[PDB]
């Protein structure tokens, strides 16, 4: 059984430990959506993580859903990300870019008046995050069949640009009710063409995006993110075990780097089903403590564990865990705010 502090190999890349930094949207890319020196220092100071998965990064204007979140479609953005990857590598870290398209989880304010796009014209519940004044999600536009290759081409170029920006790899964002998860689950995808109906058809787009990434990076440098509970952004599927199991089997057959599952452990968790179906490195996440995470590794339930909120507040989390030192508390007020306050001013032990 492995310790959290033992090395792990994902594909052909060795990680110094099994304490992973979860992808965290922080909205510090500013009006130009370009990564910058501040993000560089933020990531660099978390480089003692075995692996950093970057904040979700939009592969095209159409896949933007929040203010000041970065993209990976422009040459200006590539140069920005180069600052981040250079700084992370100088500090000894590894970093994967999370490739993102928000799909229906967006608003015309971010799309120059265009409707958000989706598998089917069905809006998610609640109100658009962060944007004031609060408003419901507008009903999205259902992608026409002949638009879907364009989405995949946007992901492919995203994966090309990540490679040009000097990342160690890319993670495909198939979770949290965003575009590929919308296609995946039958509450949001009600299509009757080849991208809807059956589990195979619903998983089709995700697998095409994964294959485009594999064409750019090879499978060894591609990860995928999933969230089986469907508990964010009005997700839900009639048979999660069947839907996600199929996806897990198909990704495992492609021998990708890892499968990252956001799913707190508990009575209804299907993570172990997904792990057996996948067969490769399995990263668990959500409400984990040091000890429950070590317990997961000891029981063969994960190969690595990711933390989000704790890495926000604790740049030196691995060493804090090592020493059983008190942890900083994260301040929700500055999760999405501008500038270095609540971003790079959380102190390391030193």
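Positions refer to the first chain, counted from 1.
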Which has higher Cα B-factors on average according to the PDB entry: 251-259 or 229-237?
229-237
Averaging CA B factors per stretch from the PDB record, which one is higher: 146-154 or 110-118?
146-154
According to the deposited entry, which of 27, 44, 59, 323 has the largest Cα B-factor?
323
Going by the entry, which of 104, 135, 101, 246 has the most elevated CA B factor?
135
Taking only the Cα B-factors deposited for this chain, tell me whether residue 31 sits in the lowest, middle or highest third.
highest
When the modelled residues of the chain are sorted by Cα temperature factor, does residue 161 land in the lowest, middle or highest third?
middle
Chain third (lowest, middle, highest) by recorded CA B-factor, residue given as residue 271:
highest
Residue 173, C-alpha B-factor rank within chain (lowest, middle or highest third):
lowest
Could you say whether, by C-alpha temperature factor, residue 280 belongs to the lowest, middle or highest third of its chain?
lowest
